[PDB]
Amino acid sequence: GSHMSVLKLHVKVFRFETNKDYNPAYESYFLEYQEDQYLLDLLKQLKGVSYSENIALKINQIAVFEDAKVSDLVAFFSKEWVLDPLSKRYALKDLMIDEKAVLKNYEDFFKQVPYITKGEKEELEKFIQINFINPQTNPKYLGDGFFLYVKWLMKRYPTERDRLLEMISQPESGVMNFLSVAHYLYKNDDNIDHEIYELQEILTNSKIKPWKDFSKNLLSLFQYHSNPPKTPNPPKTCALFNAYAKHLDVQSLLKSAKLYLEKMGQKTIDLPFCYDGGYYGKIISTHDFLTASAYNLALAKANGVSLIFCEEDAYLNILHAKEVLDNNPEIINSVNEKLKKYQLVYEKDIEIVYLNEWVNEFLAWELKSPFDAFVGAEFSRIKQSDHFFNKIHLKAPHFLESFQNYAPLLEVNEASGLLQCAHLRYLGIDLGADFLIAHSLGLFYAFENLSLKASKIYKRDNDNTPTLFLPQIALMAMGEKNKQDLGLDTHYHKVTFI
């Protein structure tokens, strides 16, 4: 035989100059690398291509800020790379951006802060690249680099801290618009996320309108059952988390969840779970958020039932609560003081169930209605359902934007939440999907109930592609044909293929 040269890349490189008249084009390079090499070594092979040696660019639309080993980048990105600047809009040449053009957006801001030094003004240049990690598309959005720069100035000018904060507080443009960008940053780094969550907590706890009232109203929604039940239950008894904001339509989710569980040999009971604060509760008041979560977990355990998290929003919340409680015994003591009045006692490591994990994991059932005729587009902040979809023969292509979810914005900047969820919806449709799969109740609501209101403002023809939850799909694949039993009669977009 012969040696197989396996260390090979296909790199497509954005070629463009903002001051020249040729359209952007991608050029293909077929490069060899060695196990020892770093990104800068590959960039050095790209003749005529403009890039900074201080790494700041995108590979497959994920922001990369380090000179990483090529082998590590291949593990993360595959051997097929698209190399882009951090921003096409502000591209200067090839892989470099026009920092000067970006900075022009902040001229009005700087006129409001004439007291800062020339040096302090110039420091924003060191932050600005951070703006381009965020995949969000609101053009009024001030930029995450800019938010962190203002944070830097707030430290340096304690007197102006509240005035500075107010400048990044506007509903249309400010920091309340931020949502996790970790998926779109190389190595899923959450440092930026935590820095901005910190600002959101500061703002929601400040006197600035409308955030003071936003927080007071949200905290008034933690409503605990005074005397919750504690009864023993037989094996295989479940209770579904059901404490969601009152406007959310949860009927089909909870109905299909129950039916799926029953099909899987479980029985369900109702328990008065406390509201968890939705998306923002954990930002506004960690301690209230933790107390509600501890109450819910203690309540499930006191009744000897599995607590079923039927969708992503509540499950991600409970993961966060468990991470904090189960690693900090002092916080458990603190929450347990508040739980005494309900005669509940939280203990670490209370086992819970994510329904969508069960759908993917437990596959020992007969396929009665294959999905081979169909294409799905699945949105999840966690993971695509490869195994379950393979089981049922559903083709569900992976796509860049599947990890995004702008439903929380419905509470803080409704117009932007509406537009960006509508954008995600049509990205799914444009993949050729017969239906969308929502892991998130919030996103489902945006896709469905708010579809009509969104169409009136999102400038694209009406499409009636339905959205389904995983348990609904599973039930259908198991041969369920009764639309009402699946909860589908209450969706906005009707299912027509059964």
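Numbers for residues come from their place in the sequence shown, where the first is 1.
Mean Cα B factor from the PDB record: higher for 68 to 76, or higher for 399 to 407? Here the higher of the two C-alpha B-factor means belongs to 68 to 76.
Averaged over C-alpha atoms, is the B-factor higher for 56 to 64 or for 34 to 42 in this PDB entry? Stretch with the greater average CA B-factor: 34 to 42.
Name the one of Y275, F132, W365, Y295 with the greatest CA B-factor according to the PDB entry. That would be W365, according to the entry.
Name the one of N360, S215, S380, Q420 with the greatest CA B-factor according to the PDB entry. Among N360, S215, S380, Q420, the PDB entry lists the largest C-alpha B-factor for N360.
Could you look up the Cα B-factor of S440 in the entry and say which third of the chain it sits in: lowest, middle or highest? Lowest third - that is where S440 ends up once the chain's C-alpha B-factors are sorted.
How does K483 rank on Cα B-factor within its chain, lowest, middle or highest third? According to the entry, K483 has a C-alpha B-factor in the chain's highest third.
Tell me, lowest, middle or highest third: where does the Cα B factor of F469 rank within its chain? It belongs to the lowest third of the chain when residues are ordered by C-alpha B-factor.
When the modelled residues of the chain are sorted by Cα temperature factor, does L254 land in the lowest, middle or highest third? For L254, the deposited C-alpha B-factor lands in the lowest third.
Going by the entry, which third of its chain does the Cα temperature factor of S334 land in? Middle third by C-alpha B-factor.
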